[PDB]
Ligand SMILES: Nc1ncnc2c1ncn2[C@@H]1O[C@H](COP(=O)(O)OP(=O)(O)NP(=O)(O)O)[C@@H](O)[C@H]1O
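Here you get one chain, nothing else, as structure tokens; it is the form solved without this ligand.
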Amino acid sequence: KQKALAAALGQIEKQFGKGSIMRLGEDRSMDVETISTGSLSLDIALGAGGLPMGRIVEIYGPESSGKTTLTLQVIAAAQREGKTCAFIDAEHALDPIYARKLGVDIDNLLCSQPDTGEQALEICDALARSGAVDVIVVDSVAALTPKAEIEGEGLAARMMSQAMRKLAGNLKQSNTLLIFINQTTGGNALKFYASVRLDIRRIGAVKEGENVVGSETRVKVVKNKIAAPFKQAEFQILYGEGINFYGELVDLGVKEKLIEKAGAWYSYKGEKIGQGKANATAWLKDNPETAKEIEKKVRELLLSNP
């Protein structure tokens, strides 16, 4: 019965490798170093608690979907840990003012604005082989124009395929995380080589009465080779501020029974934290020590770990 199945799946993983197959509800994950996305719900949706070092990740969605914010939050989180980041740009749209607001150390951010799509990929491969960079962000796949097209002479897909295998191997060896931002364009190479694929969309507005101050966002983990796929995350992205992390903390804290909200006050460990979600959120922001403890517990309860 159970043994027969467990033994069968074992054979599958033995022949095809770890992560080749799993029950969507299992609390299993690869032992990979991760970098936070800046979103607690997304970190949980990823199972491993963040994006995996040494792998290829694809983040796609419509313009203004939030992929820009997400990408910058990842860079900021990485730099926070002392990790070196490189931005390979073919979009020419980085906003350093917004980036700094999200905590990005722009002064120390490495940047290249390649002459062709092929050159952009070659630079990524060189950086991957160097083992001197921790995170590489490519903005974006759709903008990586093949040299032949630029000169006005399927091509994009061919360009991606010819570089992906070597890139993936070099990234794994140096434990470098590479994120491809997309809108997906580029062919099947990225789709199959990616260890994680994120579908991000704006599903509504955040208002302060009549004034729109943010966006309701939803990210679906459509592909995940480090933990079970298909979980999703919903959170708010506030203009000029980024992901409303504390709002997520309150919601998850309440859902997991860590934060109580019956009666006139929300409370944690029996202590008052605020009247209403807003005040409770602001309180956690003003009390990092407690916020940190709640986050730790939420991760312990919801991450896909043994």
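Rigid core (definition): largest C-alpha set, two forms, superposition within 1.5 Å. Residue numbers here begin at 1 and follow the sequence given.
Only in words, not in the display: the form solved in complex with this ligand, which the text now covers.
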Only one of 69, 36, 281, 29 has a non-hydrogen atom within 4.5 angstroms of this ligand in the entry with it bound; which is it?
69
Please name which of the stretches 114-122, 128-136, 77-85, 231-239 has residues with heavy atoms lying within 4.5 Å of this ligand in the entry with it bound.
231-239
Just checking whether residue 263 would be counted as a contact of this ligand in the entry with it bound - the rule being heavy atoms within 4.5 angstroms.
no
Are any of the heavy atoms in residue 151 no more than 4.5 Å from a heavy atom of this ligand in the entry with it bound?
no
So in the entry with it bound, does any heavy atom of residue 271 sit within 4.5 Å of this ligand?
no
Could you tell me if residue 208 has a non-hydrogen atom within 4.5 Å of this ligand in the entry with it bound?
no
Triple contact flag 41, 251 and 290 to this ligand in the entry with it bound, non-hydrogen atom at 4.5 angstroms
no
In the entry with it bound, residues of 198-220 near this ligand [heavy atom within 4.5 Å]
215
Honestly, after the rigid core fit, is residue 272 moving at least 2 Å at Cα between the shown form and the other one?
yes
Would you tell me if residue 263 moves between the shown form and the other one by 2 Å or more at its C-alpha, with the rigid core held superposed?
yes
